[PDB]
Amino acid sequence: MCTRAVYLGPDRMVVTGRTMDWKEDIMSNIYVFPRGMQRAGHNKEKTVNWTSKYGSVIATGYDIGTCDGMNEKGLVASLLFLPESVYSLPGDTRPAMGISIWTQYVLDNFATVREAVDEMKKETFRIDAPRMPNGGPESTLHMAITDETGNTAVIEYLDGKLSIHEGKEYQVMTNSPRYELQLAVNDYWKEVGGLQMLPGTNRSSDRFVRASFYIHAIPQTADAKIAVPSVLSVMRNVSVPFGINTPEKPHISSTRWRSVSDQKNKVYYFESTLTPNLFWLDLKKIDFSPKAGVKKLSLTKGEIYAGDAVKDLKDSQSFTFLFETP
């Protein structure tokens, strides 16, 4: 489904691009959360609690949970699918955090990948993932976190144990297989040569190698007028065309929207496939004070935004995270 890649340019130029592929309308919206909000990771289970240290600009999925976002300090989180994920084994009595609020937790409390990895390695809580609505798939996903320094951490749960890869070299991430096996698949195709032959299918590993090769070949610049379009360009390359279907594979997940986070200038770009314009939200022009209130930039009913979209931010109440089966 999804595809993520991190560009590391000169003079702290860190730009993260993320693809969102889904078999149906994800109905994603943008929400602007100020700092100082208190939340809980679950409503019916024993849980942890926290007050948000940093405000964030996040994108939801079905308005039931957070899957991608960016906070004030340039830390970007992204929840990408992984069918082979098992968060815990039977009999785990740790405090349960819902899968929907897991991504919002790391954006609310950490300004550095070093900070997120150190706290998550404590394994104080388990991930609770019910089945997605509309009779959709099980919530088997992994996460990547990138700060303004270029460091990236890939978080995934395999048969109940925590697995982490930290380092600036882990810039790309897709879906299956496991992240160590994904690097082995990518290592093979680099021998073939990106200019010679590249796997151009919509498969998970195919988009991983194409994103890994192209993200290192785009110009090495610190100007946002060049970095953001070229990082977006490799996102559309690893994107899958809309409504792709064959008689033998009738329903396939098409790309619904894309996100490009300028972690240096603190700007969050966003584009939907069925809308013509690429808009953005300058976090430097957003008031994240605790008394600012929740603001929402809705995208469900086909609204068309352009340029800077802070003007079109409406006052709203935060969507309710879902932790249950329906």
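So that there is no doubt, residue numbering starts at 1 and follows the sequence shown.
Comparing 244-252 with 215-223, the stretch with the higher mean C-alpha B-factor in the PDB entry is 244-252.
The deposited model assigns a higher average Cα B-factor to 128-136 than to the other stretch when 128-136 and 161-169 are compared.
Split the chain's modelled residues into thirds by C-alpha temperature factor. Residue 309 is in the highest one.
Per-chain ranking of the deposited C-alpha B factor places residue 95 in the middle third. Among the modelled residues of its chain, residue 114 has a C-alpha B-factor that falls in the highest third, as given in the PDB entry. In the deposited entry, the Cα temperature factor of residue 41 places it in the highest third of its chain's modelled residues. Residue 286: CA B factor in the highest third of modelled residues in this chain (values from the PDB entry).
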